[PDB]
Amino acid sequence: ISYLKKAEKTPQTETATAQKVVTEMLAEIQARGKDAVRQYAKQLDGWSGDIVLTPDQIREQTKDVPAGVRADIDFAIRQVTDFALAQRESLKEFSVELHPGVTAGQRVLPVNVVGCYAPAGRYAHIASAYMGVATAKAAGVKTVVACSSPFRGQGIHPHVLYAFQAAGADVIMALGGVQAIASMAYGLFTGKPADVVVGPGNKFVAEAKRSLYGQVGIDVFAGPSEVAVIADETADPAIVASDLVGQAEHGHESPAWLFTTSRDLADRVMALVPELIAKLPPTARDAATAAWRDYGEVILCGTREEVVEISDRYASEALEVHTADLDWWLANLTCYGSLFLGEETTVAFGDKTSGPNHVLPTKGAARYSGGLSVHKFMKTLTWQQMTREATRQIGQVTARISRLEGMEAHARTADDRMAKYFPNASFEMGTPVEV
């Protein structure tokens, strides 16, 4: 295992800056509520307008959105919705018998209110807007509040707004960043605090969601976008290089990783990536140049197993696999947000319209979670019921363990049932706690 390109910075590098800003802003917002948010909206995003859009404003701001644009977004919404409904079917309710007379089961219930964030800064994240909202509706969530940042010194990008509306948002707000996340968490402006807040964003957005976990549920830590490509000698260096640059344009902090067993592939890609970046237009060129320099990495490995080991350690948001024997890679990789098998599909496809959600774990979160999905909006709750007969065993065990732990009042709830249901039975219910 050898690093042909090592990065100066990682997803961890900017953590402290993000956490500093978020701690300050959240303190302010907790203390000063809506006034703090309007002021942050003013000073950060130059926004003095109304925050909650009326139906009139939405209609007005999207009236001129062309039919061909709407057709593309509607098509994407359908793909996302279809995959979401398939995922919903994968998680089932059930009941079982355990000890005789003990019935237990699992209920699967949607949350009531979701807040969805769609980012807008360098780019306007049209696709993010339907990724959150369409998924929440597919999960059967009753109320969906959606926010996106005022873009390029104006309001919500009209195509983001269209995405939100067509995906089924009930409330739309022109709010960005930390103040958006906090507003949705606390129910500022709407009076409807979210049960779950979802959606991608820069390091401040992702840290704000992470800090507010508890107050709300979340999808996943979904910060500056990442990409890894696993490639063997069959891979096409021109396509690999193209794919790396594709995510590098997200911004200065987006890492692009190449893991390969072919030095010839690595070398060609390392030559091609700067060339591809130089041909980009200004904003993308600016982002990708910094990202590739500071965060880009290339790792040469000797075997497939070493690639797997490295990939799993990196736990990339998105992982492309351009190799032979794709079944082996599906069977063996274990840590990634979203997997793209073979050359034909690619991350940008997943980003816009493949179907599976693009809101995905960054900064190692793929070690413990997949991305936004209907699963993040379903609660899996347990229920149980017993016969009186079942409590003969369950009760005596409960009383004895409870007493071993020191929990006398717990044990008495079992004693009381035994005395009531079976006044003639006599069991070892454990030595009463005296201290």
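Numbers follow the displayed sequence, beginning with 1.
Looking at 406 to 414 and 30 to 38 together, the entry lists the larger mean B-factor for 30 to 38, computed on C-alpha atoms. Here the stretch with the larger average CA B-factor, out of 80 to 88 and 149 to 157, is 149 to 157.
Residue-level inspection of the entry shows that, of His322, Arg107, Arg304, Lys352, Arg304 has the top Cα B-factor. Across the options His99, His358, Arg313, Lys203, the residue with the most elevated CA B-factor in the record is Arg313. The deposited CA B-factor of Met131 belongs to the lowest third of values across its chain. Among the modelled residues of its chain, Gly177 has a C-alpha B-factor that falls in the middle third, as given in the PDB entry. Sorting the modelled residues of the chain by their CA temperature factor places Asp195 in the lowest third. In the PDB entry, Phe189 places in the highest third of its chain by CA B-factor. When all modelled residues of the chain are sorted by CA temperature factor, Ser369 is found within the middle third.
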